[PDB]
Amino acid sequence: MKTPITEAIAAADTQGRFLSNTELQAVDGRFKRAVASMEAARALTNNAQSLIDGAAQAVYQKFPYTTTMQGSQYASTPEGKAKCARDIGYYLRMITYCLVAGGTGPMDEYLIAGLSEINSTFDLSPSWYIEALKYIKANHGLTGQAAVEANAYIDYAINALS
């Protein structure tokens, strides 16, 4: 998995050499940012439901056709809304993993890779999830760096969906 620490090690390992000073400086930089990133992840984790449930509706309110339009890939049926809420948690959970791991690695491995094929195959509209994300970016009531770091992974998630 990609993290500032693992990249550093991969770089020295590919050259059969011991870690360098610059790489050590990079891990220190990662530790200094760990503070605000960690409290961001804790905050988000403590406001899962209000964010998840709040994100769910923010997408039915902008894509109401998904509310009753017959089709398994829709939130017309209760299970459809179950699947949907499940996916929302997945996204929120991933961004907290990024904040925890100091990078996108977690989200790249578990969610981004194969994302397009998955959405294409099961006919899921990327915009649905993007609305979810825009709702979380403006709801997590985070400020300072904590908010700064979170929004970073949020936007990053938006890109990959576009």
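All residue numbers are counted from 1 along the displayed sequence. For clarity, a rigid core is taken as the largest C-alpha set superposing within 1.5 Å between two forms.
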**Prompt:** in 6 other deposited structures of this protein, superposed by the rigid core, which stretch departs further from the shown form in CA positions, 14-22 or 139-147?
**Reply:** 14-22
**Prompt:** Per the entry, where is the mean C-alpha temperature factor higher: 117-125 or 94-102?
**Reply:** 117-125
**Message:** On mean Cα temperature factor in this entry, is 51-59 or 30-38 the higher one?
**Reply:** 51-59
**Fill in**
residue 22: CA B-factor among chain residues, third -> lowest
**Message:** Among the modelled residues of this chain, does the Cα B factor of residue 9 put it in the lowest, middle or highest third?
**Reply:** lowest
**Request:** Ordered by C-alpha B-factor within the chain, which third holds residue 139? Give me lowest, middle or highest, please.
**Result:** highest
**Asked** C-alpha B factor of residue 151, ranked within the chain: lowest, middle or highest third?
**Response** middle
